[PDB]
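Now for the letters of each chain:
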Amino acid sequence: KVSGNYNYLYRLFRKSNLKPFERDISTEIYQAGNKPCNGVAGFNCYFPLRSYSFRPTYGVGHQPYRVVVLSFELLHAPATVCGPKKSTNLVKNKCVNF
Amino acid sequence: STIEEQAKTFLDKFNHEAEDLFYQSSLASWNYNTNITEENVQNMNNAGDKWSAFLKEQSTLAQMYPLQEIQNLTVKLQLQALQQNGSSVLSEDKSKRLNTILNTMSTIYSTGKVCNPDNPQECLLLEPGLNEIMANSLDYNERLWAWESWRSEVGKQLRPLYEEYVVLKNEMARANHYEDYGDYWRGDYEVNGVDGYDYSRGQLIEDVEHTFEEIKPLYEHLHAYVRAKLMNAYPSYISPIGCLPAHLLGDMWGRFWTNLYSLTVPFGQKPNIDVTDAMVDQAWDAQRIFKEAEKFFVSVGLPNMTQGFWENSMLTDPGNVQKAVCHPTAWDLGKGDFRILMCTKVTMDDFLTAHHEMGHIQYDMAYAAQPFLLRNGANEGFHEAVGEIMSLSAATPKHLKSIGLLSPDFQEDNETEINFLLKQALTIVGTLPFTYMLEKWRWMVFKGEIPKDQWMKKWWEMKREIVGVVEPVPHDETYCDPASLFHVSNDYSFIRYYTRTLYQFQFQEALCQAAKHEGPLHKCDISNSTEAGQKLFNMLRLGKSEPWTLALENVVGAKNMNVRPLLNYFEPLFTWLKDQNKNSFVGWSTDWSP
Ligand SMILES: *[C@@H]1O[C@H](CO)[C@@H](O)[C@H](O)[C@H]1NC(C)=O
Ligand SMILES: *[C@@H]1O[C@H](CO)[C@@H](O)[C@H](O)[C@H]1NC(C)=O
Ligand SMILES: *[C@@H]1O[C@H](CO)[C@@H](O)[C@H](O)[C@H]1NC(C)=O
Ligand SMILES: *[C@@H]1O[C@H](CO)[C@@H](O)[C@H](O)[C@H]1NC(C)=O
């Protein structure tokens, strides 16, 4: 949007590293400092999900982008999805290799 | 554990929020530039209010954080840069008095009135008409009349307001546990933690002193030639043994001297380079100037400049539907938005200045990869120097003839070499000693050793020794010609100009001696020199993340500032001056004055 696209919000702080196929929904502050802190922020308490910066007049490396990943499992269950196999002419009244 | 990670996320959050909000503020400024409406003024004022509140909050957050136990170099530098806020640790009365006095000084300078006492209703204004009546006049009675009446009604709010400024700044630095506010000016250069290269604040002024002492013979020769040719061409008043009075400074303080070069034309019977026919034959315009700038960048070897210069940047001045200033404006709006706005004009010197602004844009593109604290050079003289590098490369006739700005049978003989060496001299060394004078005097006044009324002797003593500028009548209590300079009343560290020109000359020598260029030494051009572009691009990217003296000695070979490159490019200049200054006596006597 000309005035900005900030409806979504990206998470930055997670105190435990994740593994493949893992999500995060919690917004708990990354309390690295041992000083007392809970709920409302304060001394060394920064919100995980940081804001955006997105507008059309931007330059390089800051425009909104979309990423998709195609994944699948290997044959443990019966194979399910694959594309067409190319064919050719069928031929009538003539010797071929059917 | 310790506050290492807390400081890390603190700097990170500041960088993100500063990027966002400063982008909004620059957006408001650019909206004002594109269109001037009072609502735009209110919007940018609100953006500035929000930004000031955010900066004060960040400084308050960073106030407690120490520097001694944290040993990370980048973290240390960023934290010490963030903790500094300026004049907020004082009491509010001093701050509000400072605001009022600076505002009233700005008002008295902006609307300070002087013109002909003949027709004051509608005449030439402060600029540029006063320039064309001082520097383009045949009689001097009106010239000195206006010169010495200029300070009789304006300096009254220039000298004592300067004193109030200096006392308030000194007391603020005292609250900051420092001595003066020019020390804070030069403190942007500060870096520590490197063995052997401990970096105080006085080495800057000492090095500047050495560089000016090296410069002094060059200006001695230059003023000798100027005096000889003015006595040959101006037999009107000035005596054959006198000097150059205050009515013949050519500017409001005597900075540029290309206009006075008219009185010091050695040879006018030999043709020189001119691009009027070449610019009205193929119809050169701002579009074509930018295209050939792209070609220049390609030939040098630097990579391409991003698309913000082809679509987002308005290539032309804003027509005549609206009205706005057309000062050279290279704006880094943020996140890859690089724009250049001016009142586009085609001239060889304007060619150089446009490439200077485009070098600014290239440097902005380079340091855009860094966070907000690192979105600037280790010194504030890097930007103008790196921009003017390509201009000084283009100050030579070689690639101007290469781009077809004149026929290839035009002689690249010795006369154009000598004349353009003298032109560069009048461009830079014609104002450098004045920079020495103003910066030394302002260091003294900021520190406070010099009485406010002593400036009559010592400063003028320098004018009796370094530049050769006098006055037919001594100045009075409130005549403050240094304050007549535009930048001094604008809260400017006036040594960063000299440090900038030192940086640009050192880099010019680095790209002229390491690029295998030969022939006449000035003829070196960075175009068609791949290694020069490569090594320049290696340097102009990091910013302040590392110390600058080590990199400076890598690129050129100087531990700090040095005018040895300046005379290296001016070795043909120095040789010609020695060739011409043997006819008679050279120099001036201090005792004798008009
Ligand atoms: C500025 O805005 C006014 C009205 O808001 C409009 O008439 C004018 O064309 C605009 N000019 C520019 C240069 O945007
Ligand atoms: C500061 O810490 C970072 C950790 O990301 C490290 O890479 C860097 O080398 C440290 N600074 C110095 C001067 O070693
Ligand atoms: C990158 O460089 C090429 C070659 O000079 C140029 O054609 C292209 O326009 C440049 N890219 C951008 C975004 O300007
Ligand atoms: C360097 O090469 C370019 C073309 O690649 C050419 O236009 C230019 O004239 C060359 N440099 C010189 C000094 O001739």
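Thresholds applied
- Residues numbered from 1 in each chain as written, not as in the entry; some residues may be left out.
- Chains lettered and ligands numbered in written order.
- Part of a larger assembly, values for the part shown.
- Heavy atoms only, no water.
- Helix = DSSP H or I, 4+ residues; strand = E, 2+ residues; numbered from the N terminus.
- Rg over C-alpha atoms; globule rule 2.2 N^0.38 Å.
- Buried < 20%, exposed > 50% of the residue type's maximum accessible area, 1.4 Å probe, protein only.
- Contact = heavy atoms within 4.5 Å.
- Areas by Shrake-Rupley, 256 points an atom, 1.4 Å probe, with all protein chains shown as cover.
- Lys, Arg positive; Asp, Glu negative; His and termini not counted.
- Charge placed at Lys NZ, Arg CZ, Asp CG, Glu CD.
- Expected span 1.5 Å × (residues − 1).
- Arc of directions from axis to C-beta.
- Near = heavy atom within 4 Å.
- Polar contact = N/O pair within 3.5 Å; in protein donor to acceptor, adjacent residues only side chain to side chain.
- Pairing = 2+ DSSP bridges.
- Buried area = accessible area lost by both parts, 1.4 Å probe.
- Salt bridge = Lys/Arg side-chain N within 4 Å of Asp/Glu carboxyl O.
- Nonpolar A, V, L, I, M, F, W, Y, C, P; charged D, E, K, R; others polar.
- 1 Å grid on protein atoms, 1.4 Å probe; cavity = no way out; pocket = protein on both sides within 12 Å on 5 of 7 lines; lining within 4 Å.
- Points joined across faces, edges and corners; volume = space filled by probe spheres on them.
- Disulfide = S-S within 2.5 Å.
- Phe/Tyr/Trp six-rings, centres within 6.5 Å; stacked < 30°, edge-to-face > 60°.

- Listed as the method for this PDB entry is cryo-EM; the listed resolution is 3.5 Å.

## A short note on the overall build of chain B
Point 1. Within chain B, the regular secondary structure consists of 22 helices and 2 strands.
Point 2. Here chain B has a C-alpha radius of gyration of 25 Å; the compact-globule value for 594 residues is 25 Å, and the two agree.
Point 3. Considering chain B as a whole, with its 594 residues, one finds that 51% of them fall into the buried category.
Point 4. Here the contacts in chain B between residues at least 6 apart in sequence split such that 77% fall between residues at least 24 apart.
Point 5. Put simply, chain B shows about 28200 Å² of open surface, and 55% of that area lies on carbon and sulfur atoms.
Point 6. Taking the 52 positively charged and 79 negatively charged side chains of chain B as two groups, their mean positions are separated by 2 Å.

## Thoughts on helix α4 (residues 92-110) of chain B
Residues and elements named next belong to chain B.
Point 1. Helix length check: α4 (19 residues) gives 27 Å between terminal C-alpha atoms against 27 Å at 1.5 Å per residue, within 8%.
Point 2. Looking only at α4, the buried set comprises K94, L98, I101, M105, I108 and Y109. Buried residues along α4 cover an arc of 105 degrees about the axis, so they all sit on one side. Opposite the packed face of α4, turned more than 90 degrees from it, sit the exposed residues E92, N99 and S110.
Point 3. Of the surrounding elements, those touching the buried residues of α4 are α7 (159-175).

## Description of the site of ligand 1
Residue and element names in this part refer to chain B.
Point 1. Around ligand 1 sit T34, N35 and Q322, and those are all the residues in its vicinity.
Point 2. The separation between an oxygen atom of ligand 1 and a polar side-chain atom of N35 is 2.4 Å.
Point 3. In isolation ligand 1 offers 360 Å² of accessible surface; the protein chains occlude 32% of this area.

## Topic: the pairing of strand β1 (residues 329-334) of chain B
Successive residues of a regular strand alternate their side chains across the two faces of the sheet.
All names here are of chain B.
Point 1. With 5 bridges joining them, β1 and strand β2 (residues 337-341) adopt antiparallel strand pairing. When the sheet's bridge partners are listed, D332 is paired in β2 with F338.
Point 2. Hairpin connection between β1 and β2: a loop of 2 residues separates the two successive antiparallel strands, and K335 in this loop has a positive phi of roughly 55 degrees.

## A closer look at the interface of chain A and chain B
Quite often, the size of an interface is put as the accessible area lost when its parts meet.
Point 1. If you look at the interface, chain A gives 18 residues, while chain B gives 22 residues.
Point 2. Considering only the surface of chain A that becomes buried against chain B, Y46, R50 and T57 of chain A emerge as the three largest contributors, covering 33% of it.
Point 3. The tally of links between chain A and chain B comes to 0 salt bridges.
Point 4. Here chain A and chain B share 9 residue pairs in polar contact between them.
Point 5. The class makeup of the residues in the side of chain A that touches chain B is 7 nonpolar, 8 polar and 3 charged.

## Describing the layout of surface pockets
Residues and elements named next belong to chain B.
Point 1. By volume, the second largest pocket amounts to about 420 Å³.
Point 2. Residue lining of the second largest pocket: 22 residues in total, with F382, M539, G543, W548 and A551 positioned closest to the centre.
Point 3. When residues of the lining of the second largest pocket are traced back to their parent elements, those giving at least two are α13 (382-393), α18 (496-513), α19 (530-539) and α20 (548-555).
Point 4. Per element, the largest residue contribution to the lining of the second largest pocket is 5 residues, and it comes from α20.
Point 5. When the residues that make up the lining of the second largest pocket are grouped by side-chain class, the tally is 17 nonpolar, 4 polar and 1 charged.

## Remarks on the state of the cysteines
Simply put, disulfide is the name for a covalent bond between the sulfur atoms of two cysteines.
All names here are of chain B.
Point 1. Counting across every chain of the model gives 4 disulfides over all chains.
Point 2. Sulfur-sulfur distance for the disulfide between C326 and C343 comes to 2.0 Å. Residues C326 and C343 are joined by a disulfide whose S-S torsion is about 45 degrees; by sign, that bridge is right-handed. On the criterion of sequence distance, the pair formed by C326 in the loop between α11 (286-300) and β1 and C343 in the loop between β2 and α12 (348-367) is long-range, its members being 17 residues apart.
Point 3. For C326, a relative accessible area of 32% corresponds to the partly exposed category.
Point 4. Judged by its relative accessible area of 31%, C343 falls in the partly exposed class.
Point 5. Look at chain B and number its bonded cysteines as they come in the sequence; the links are 1-2, 3-4, 5-6.

## Quick word on the environment of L542 of chain B
All names here are of chain B.
Point 1. The topology assignment puts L542 in the loop between α19 and α20.
Point 2. For the pair formed by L542 and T9, sequence separation is 533 residues and the distance between their alpha carbons is 21 Å.
Point 3. Residues contacting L542, with those up to four places away along its chain left out, are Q370 and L374.

## Considering the packing of aromatic side chains
Residue and element names in this part refer to chain B.
Point 1. Under the counting rule described, the total for this entry stands at 36 aromatic pairs over all chains.
Point 2. With 5.5 Å between their ring centres and 20 degrees between their planes, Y109 and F486 make a pair best called stacked. Taken together, the residues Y109 in helix α4 and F486 in the loop between α17 (458-467) and α18 connect sequence positions 377 residues apart.
Point 3. Judged by its relative accessible area of 39%, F486 is partly exposed.
Point 4. Note on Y503 and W548: the rings are 5.8 Å apart at their centroids and 70 degrees apart in plane angle, and the pair reads as edge-to-face.

## Description of empty space enclosed by the protein
All names here are of chain B.
Point 1. As enumerated under the stated definition, the model contains 18 cavities of 30 Å³ or more in all.
Point 2. Lining the largest cavity are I101, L102, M105, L158, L161, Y162, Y165, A483, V488, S489 and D491.
Point 3. Of all elements in the fold, only α4 and α7 reach the threshold of two or more residues within the lining of the largest cavity.
Point 4. Looking at side-chain class alone, the lining of the largest cavity contains 9 nonpolar, 1 polar and 1 charged residues.
Point 5. In this structure, the second largest cavity spans a volume of roughly 100 Å³.
Point 6. The wall of the second largest cavity is formed by 13 residues, among which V191, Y197, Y199, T549 and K559 lie closest to the centre.
Point 7. Classifying every residue of the lining of the second largest cavity gives 6 nonpolar, 5 polar and 2 charged.

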